[PDB]
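For reference, the structure discussed in these notes is given below.
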Ligand SMILES: Nc1nc2c(ncn2[C@@H]2O[C@H](COP(=O)(O)OP(=O)(O)OP(=O)(O)O)[C@@H](O)[C@H]2O)c(=O)[nH]1
Ligand SMILES: Nc1nc2c(ncn2[C@@H]2O[C@H](COP(=O)(O)OP(=O)(O)OP(=O)(O)O)[C@@H](O)[C@H]2O)c(=O)[nH]1
Ligand SMILES: Nc1nc2c(ncn2[C@@H]2O[C@H](COP(=O)(O)OP(=O)(O)OP(=O)(O)O)[C@@H](O)[C@H]2O)c(=O)[nH]1
Ligand SMILES: Nc1nc2c(ncn2[C@@H]2O[C@H](COP(=O)(O)OP(=O)(O)OP(=O)(O)O)[C@@H](O)[C@H]2O)c(=O)[nH]1
Ligand SMILES: [Mg+2]
Ligand SMILES: [Mg+2]
Ligand SMILES: [Mg+2]
Ligand SMILES: [Mg+2]
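Protein chains in written order, with our numbering: chain A, 145 to 579; chain B, 145 to 579; chain C, 18 to 446; chain D, 18 to 446; chain E, 76 to 206.
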């Protein structure tokens, strides 16, 4: 009766969707064929039910290159999905926001919108959309920008959360990532009700340090991101001692409308061989969360301020221990709150412990924690992009590709001033008040 | 004791007859040899009964070229039909209304009328005639026009339904379809108690989109049309929560005597592979019906007005959900009713679910819906034909074939002014009145 | 049911007719002896259209062979597939028309026209309900041209409402096989435009070009050209002798393709056509055939169709195919080719589909095109006619048989009126 | 979906294409006859990119063979892997361009360009969604150079938004295989910079050096050089025909690698390369390949990259590898090599990863490098052009075909403008 | 033609209940005291009248509406006007007709945004249009 649909844009979106829906199928005891041989109808959120025992997800997988969609279709999770929401294009945007937003994205936007409206019209208590896309690829950035525009025009007040793959500072896979990132950020700034940044370099570092996997693959990063999303949706999907909804996320984490960019962190992340040797107390895992190494963005929060934080616990969690841990965190030296916010902590508790996927890398634990922080150091990252942008905008590099596909140079300019204005706003929020 | 006979004119008529009578034989549990190894005598409507258990249809298959009739005779349904109602000519009219209405049609019209009278005289409560013919072929158009004249002169007031193959906007098989179409429409406008337009291009699009048959044949279109006809006759042939008769169709759908041209739509149309993954709620199928893509004519209703609608549901249909779905349809934006009709919905309910043909393309469902709508956008289609006609009438093309076969140029002219008058009537109905 | 009498005139007519009857015998599974050795009742359910049932389960073709020299008749009799023809139909002369149209239409043809018409009347009386006649002849030689014109005139005066087909070989533009073919072609086209409901122009140069380029046959014998012509005949007629998802006959094609009574001269085409080795390297789908036809290199007429406009196009198909794909291909080829089709005929394409492929091939087709490009042909002949009539070249030969110069003048004037008529409808808007 | 039409021109193009189609047949598991004898559905799930499925489960290449001398076509037909090609694509001349660019672009090429474009048009109509064109030719001989320039011009004028790949053999710096290659190369590079979206310069001297040093082959036949070129081509295309953890195609590489429309001349490289005996003495891990590429001795272009700057670098991987290790090596090789990369392009490396290794090898890769060092190449050619154009050496041969000195002057000026453009962006800060 | 806008998250541009109520009262010269009374739809129809001359036909709308089907008919007229002007914001009539605060306020704040988007500066008497 509480519905919330997912929209996966780009190849990264599709792979994270594979991971997330595998995790969901394990969580609710659903076979890949859709049958079912601390729990409410918990699955009614993500899984719509047919006449028989078959359950199908409420998600849309869209990508202009049919490769990953064919892999999903021919994969193990074949019978599960309804064949319509596996939408393919013909040619990829090829890391071109122009191609993914003006030239090709228009050719299939109507079909995607029609499938979304069919999905929504049969729901009862739809809360919102979980958008999984990257800023690197042209498909992800451009098509997501267009889709958020159209959804905002069509649906008035539904929370629209973005779990984007923010481009890394030094470990970059493309060459034109800054252009696409600036364009998509400037476009989605006025539709993204809350956007959660996550970076590849930090997750690589976490995997090498904690999971002890010297050579991790994207499967592992998708597993961690899926765990984050499951922790976020646990309150909706399960009984909890202290429930929290999506509107609560959108309200407690966004002090100003333009500054809506929290970052995520998960704990504990320890291997089965290291599953023992420590009891994983709530204070211990919270200390691990607030440690700058376990964060999933290449930014040091100790050089900024914390406007807000939201901690979600799941499992056998004792609330007084939660209070003691929070107080101890507040007392420490590396956590100074901003002047205008004397209370920046939200707490949610769920009884359902995290679900361990067979063949995975993590270990089955009894308590788990997701940390969502809206802090100030993230603004520093923006500066880097701006600098990069300006460098590649000094010589008009790669501009012709966008120009010849329905883009204006003034759009690049206005994106640049909008990013500079966002940085100025972040800096102004950073300072303290008089008196 | 509630009888209604069928008349299939032209090759299209004969093929849709094959499909419809296959569907009927399946519905009432009739072997092709006429034996019987939610039900009342349900079969007494279409099937007359002999001394033994053999049942024979009350239909007339008439066509001037013996090819399709020989195929029916030598086909699987050989023993079923009474050999008299398989009436053949000697030469085909060859896409010539003149040949099919003045020269050749006269040579066998008396036999057809005699057989129809023989069928009628042994009935008890005959409601009317279901005429299946095309506007493209000369046989269909001309012979149907002549037969409608003779039946109207002979039988005073019995409902006479026409399920015609309206010529498509761009996908044509003939060259002289405009002349035949205007001539037959002008001729039958005074005899057709209600004519239901259906187009080939739209059914091609439906089959490609929904049935996922990348290369469908006429068999599938005939199956769909047979399903429509069976849905129409379900109320007569079966028990229902809310029964509806042919006079009800003729009354609720015809506001003005000259405007009696509804269009048909069927739902759901989904494959066995896609039979799962959605529950096919009544609201869902009704939304599919009112969607402009699922309509069977290349005319988009969103640029016109809905004068009337008649929806027939069959299967396990709960009436409150019907009411809720109809209310939601009325609330939407793409359905704006005409000023003079504040109530344009008729609803019929039948307990018998639709019957699946072995070897077919659709999937066995539990609920089914037929939408019979008299709207205004259909008038646009007429304009197209008119334009074509005038173009073909600009240089007197193909006129000699009609002139030298018993036709006057004044007939073409008067058909043209009558058709223009029909367009003007449609337009004046479309507009709103003062106060 | 719907029986057709086939008449052959001239050496060309007899050869194409023989190869045509061979093709038909293969289609219906008939021995040269005339017995039935097929394996499907579909072959026999409509055998009566071309074949008459003699006693003892034997089938004889409903064909008449006409010539003025015994060489062609002897060649037909001696070779295989020759015992099937019923002997009295072998009507032939002794001297030959000598490549003179006057002797083929006035002097020598008058000595056999009566016997030919007695055979024709007997066959018409014996048939159930006649459909029409088809003539295979040429306009180059005197025999075929004159005799065919005379037969068409007398028959159409004997049967007004029937339909009559002519498959006339038109002289090549580059080379001329005879010397006085201008006069013969002019008079024959005059007679045809008076008393024929359609004609399929066929040109030897175009057939040679198709055989050399598309078929990759470096040594094309006349047998192969007759094979293509016979295949075209069979593809045209196949809509009548077998069931189909959209049945047609000769009458439907005549009605659809003839917007004006004079304009009844068409161009034939066949598909698919592949070399011996290049057959398995191609998938035979509906769009492949459609793109094979609409081009100059697959047209059996010696005139580039792109010089003019397409008035109407009839397309017959054979083999189990999805009708929507046929329709989509036709719509696409019309839409992308809006320039070459007449505007004041919207949707100017007729489509017919049968169910029986034509042997070895799983599906094939046949193309009939009514286009104005053929007018060039006429003008060329007209010019040559003038070039040979201004100085009275060879005129005394036709003058010595009783024909008058006035007749040549009327024929030339009527042909020029036809040329202007095509030009005007090509310029119509 | 995303079908590619592959064209080869000249003897060099023909031979590299034969080897390329051999490599592709091994990758997709296809017999010489064209049947499928693979063992994984992944080989067939994207067979349509290069192969057209004819009837009877047979697959034919989507390739066009063009030359002016029948020897190369006969060699291709006679040898193994020759029956899979469609014979109508075997388009060839009779006399040969005689190492003259004018005859290959103006006189002789004009006699076959129409047929080549009709074949191209048919293939484009037949394919589902055309991706782009890739041409394999050389700039030394007249045939390949001139005919390829003409074909690229005509095709790009027939299809503006498609992309075109050209894999052109550039003459060696030390020795010259022909005598008048300066003019041919100048005109060909003019045409390429006008109407190509990218080009991969390949040099015979560099290939010989790679074979002798790295491969330890003392007797390198042309087959081995063509094998390396084909392996590079397949490694470039592999991101489109198979799944991968980070999928790419030709479009992504073109967009990432071309910051300015004129600058689209690249260098290829392949890895791993080991001698016959030295293969088991080395572990095939990601850093080994990465350190194998970024060096002079593994670049197929006759120019030391360290003389200039790296503008962009594309790297494609094949085989199951951990992405983090790939990313770490890319970051390290960029960080320790800050001097040779452009500063105003931060993160100037494109990375693509597939999942199917290349036939035996556990994993491999492919390197594309957009660097300014190739400008030296151009200058050398330019100088030679002047050295042969100041005194009008062999000029009358191209003057006798109708082209005048003005094309030479315009081409030389445009090439010098390109050189200065490279120099300016090399000096940018 | 008319331009269209949206409303996702903006500060210092969200007006209070009483302020918008005074805005509608002053722009149409009436005395609504509850914003959910805008479920009537008459205010929206007269607003459309004032935004574009003609573009509607006020004879059909029922200013004395007091039942649900009357609300639905008024919203049908409003939807026809929206279609005519090309503004493509689908309106949730089903939630609006019940007359509850949430969707009524949402629709009126979006409508205030759209009104500020497409207003010129004309003056007239709302009463003459109203009667
Ligand atoms: N963490 C993580 N990032 C991924 C994964 N897959 C793709 N990415 C990111 O996606 C970027 C590549 O561009 P994409 O967004 O995937 O491009 P696309 O969606 O294929 O669309 P095109 O650019 O048109 O091909 C890389 O920079 C990665 O950071 C994944 O599985 N895990
Ligand atoms: N949808 C559909 N249409 C058909 C079918 N069969 C024939 N038609 C239509 O019929 C038209 C052909 O003309 P017909 O009415 O069949 O002509 P006829 O009945 O054979 O009579 P003649 O014209 O004298 O040959 C085509 O344009 C088709 O649209 C069918 O099986 N399904
Ligand atoms: N397509 C085709 N045409 C042929 C063939 N044989 C002859 N022709 C044509 O037929 C013409 C022969 O002249 P005919 O009409 O047969 O003259 P005839 O019947 O022999 O009478 P005379 O000329 O008096 O001897 C030539 O112009 C050829 O173009 C053939 O095998 N195939
Ligand atoms: N890599 C490689 N290059 C080759 C090979 N064979 C020839 N080449 C190059 O190709 C050039 C041959 O000239 P072509 O472009 O083929 O000239 P052509 O096509 O024969 O036309 P004509 O010169 O008129 O005869 C030489 O300069 C060689 O450098 C080969 O096997 N491998
Ligand atoms: Mg992509
Ligand atoms: Mg018929
Ligand atoms: Mg002779
Ligand atoms: Mg050569």
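Beta carbons: idealized from backbone N, C-alpha and C, even for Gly.
Does the distance between the C-beta of residue 148(D) and the nearest non-hydrogen atom of ligand 1 fall short of 7 Å? As a first step, residue 148(D) must be located in the fourth chain, where it is residue number 131. Set against 7 Å, the gap from the CB of residue 148(D) to the closest heavy atom of ligand 1 is not smaller.
For the pair the region 270-282 of chain D and the region 214-231 of chain D, tell me if three or more CB-CB distances fall below 8 Å. Because the criterion of three Cβ pairs below 8 Å is met, the region 270-282 of chain D and the region 214-231 of chain D touch.
Kindly give me the distance between the Cβ atoms of residue 399(D) and residue 436(D), rounded to whole angstroms, as I take these residues to be in contact under 8 Å. Locating residue 399(D) in the fourth chain gives position 382, counting from the first residue. Locating residue 436(D) in the fourth chain gives position 419, counting from the first residue. Yes, they are in contact, since the Cβ atoms of residue 399(D) and residue 436(D) sit about 7 Å apart, within 8 Å.
Could you tell me the boundaries of the beta strand (DSSP E) in which residue 515(B) lies? In the second chain, residue 515(B) corresponds to position 371, counting from 1. Element bounds for residue 515(B): 511-519.
Output the distance between the C-alpha atoms of residue 381(B) and residue 189(B), rounded to the nearest integer angstrom. As a working note, residue 381(B) is residue 237 in the second chain. As a working note, residue 189(B) is residue 45 in the second chain. Rounded to whole angstroms, the separation of the alpha carbons of residue 189(B) and residue 381(B) is 7 Å.
Going along chain D in order, which residues have a C-beta closer than 7 Å to the C-beta of residue 240(A)? As a position in the first chain, residue 240(A) is number 96, starting the count at 1. For residue 240(A), the residues of chain D that pass the 7 Å Cβ criterion are 272, in the order they occur in the chain.
Taking CB distances under 8 Å as the criterion, tell me whether residue 268(D) reaches chain A. As a position in the fourth chain, residue 268(D) is number 251, starting the count at 1. So yes, residue 268(D) belongs to the interface.
In terms of residue numbering, what span does the beta strand (DSSP E) encompassing residue 207(A) cover? By 1-based counting over the first chain, the position of residue 207(A) is 63. For residue 207(A), the enclosing beta strand (DSSP E) stretches over residues 203-207.
At a cut-off of 7 Å, would you count residue 112(D) as near ligand 4, judging by its Cβ distance to the nearest heavy atom? By one-based count along the fourth chain, residue 112(D) stands at place 95. Residue 112(D) Cβ: outside cutoff for every heavy atom of ligand 4.
Residues in the region 325-343 of chain D having any Cβ partner in chain A nearer than 7 Å: Against chain A - using a Cβ distance shorter than 7 Å - the residues of the region 325-343 of chain D are 329, 339, 340, 341, 342.
Would you tell me roughly how many angstroms separate the C-alpha atoms of residue 430(A) and residue 445(D), rounded to the nearest one? For the purposes of this step, residue 430(A) is identified with residue 286 of the first chain, where counting begins at 1. For the purposes of this step, residue 445(D) is identified with residue 428 of the fourth chain, where counting begins at 1. Taking the Cα positions, residue 430(A) is about 49 Å away from residue 445(D).
Under DSSP, the alpha helix (DSSP H) around residue 391(A) begins and ends at which residues? Here residue 391(A) refers to the residue found at position 247 of the first chain. Under the DSSP assignment, residue 391(A) falls in the alpha helix (DSSP H) whose first and last residues are 390-396.
Would you check whether ligand 4 has a heavy atom nearer than 7 Å to the C-beta of residue 153(D)? Numbered from 1 along the fourth chain, position 136 holds the residue referred to as residue 153(D). With a threshold of 7 Å, the Cβ atom of residue 153(D) does not count as near ligand 4, since no heavy atom of the ligand is closer than that.
Please tell me whether, using a cut-off of 7 Å, the distance from the CB of residue 218(D) to the nearest non-hydrogen atom of ligand 4 is below it. Here residue 218(D) corresponds to residue number 201 of the fourth chain, with the count starting at 1. No, the beta carbon of residue 218(D) sits no closer than 7 Å to any heavy atom of ligand 4.
Going along the chain, which residues of the region 309-322 of chain B sit with their C-beta nearer than 8 Å to a C-beta in chain F? In summary, chain F is missing from the structure at hand, where the protein chains are A, B, C, D and E.
Closer than 7 Å to a non-hydrogen atom of ligand 3 - does that hold for the CB of residue 11(C)? With chain C represented from 18 up to 446, any question about residue 11(C) goes unanswered, as that position is not in the structure.
Whether or not the region 343-363 of chain D and the region 327-343 of chain A are in contact is what I'm after, with contact meaning three or more pairs of Cβ atoms, one per stretch, closer than 8 Å; do they touch? Touching, no, given that fewer than three Cβ pairs across the two stretches are closer than 8 Å.
Counted within 10 angstroms of its Cβ, other Cβ atoms place residue 355(D) as buried (16 or more) or exposed: By one-based count along the fourth chain, residue 355(D) stands at place 338. So residue 355(D) ends up on the exposed side.
Return the first residue and the last residue of the beta strand (DSSP E) that residue 109(D) is part of. What you label residue 109(D) is simply residue 92 of the fourth chain in a count that begins at 1. Here the beta strand (DSSP E) through residue 109(D) covers 107-109.
How many Å lie between residue 194(B) and residue 177(B) at the Cα? Position 50 of the second chain, counted from the start, is the residue given in the question as residue 194(B). Position 33 of the second chain, counted from the start, is the residue given in the question as residue 177(B). Pairing residue 194(B) with residue 177(B), the inter-Cα distance amounts to about 13 Å.
Contact test: residue 155(B) Cβ vs ligand 6 heavy atom, cutoff 7 Å: Position 11 of the second chain, counted from the start, is the residue given in the question as residue 155(B). Because some heavy atom of ligand 6 lies under 7 Å away, the Cβ of residue 155(B) counts as near it: yes.
Among residues of its own chain, excluding the 5 on either side of residue 376(C), which ones have a beta-carbon nearer than 8 Å to its beta-carbon? Reading the third chain from its first residue, position 359 is the one you call residue 376(C). Cβ neighbours of residue 376(C) beyond the five flanking positions: 43, 44.
From 550(A), 574(A), 314(A), residue whose alpha carbon lies closest to that of residue 246(A): Within the first chain, residue 246(A) is the residue found at index 102, counting from 1. The shortest Cα separation from residue 246(A) among 550(A), 574(A), 314(A) belongs to 550(A).
Listing by chain order, which chain E residues have their CB less than 8 Å from the CB of residue 480(B)? Against the second chain, residue 480(B) aligns to sequence position 336. Result: 151, 154, 155, 158.
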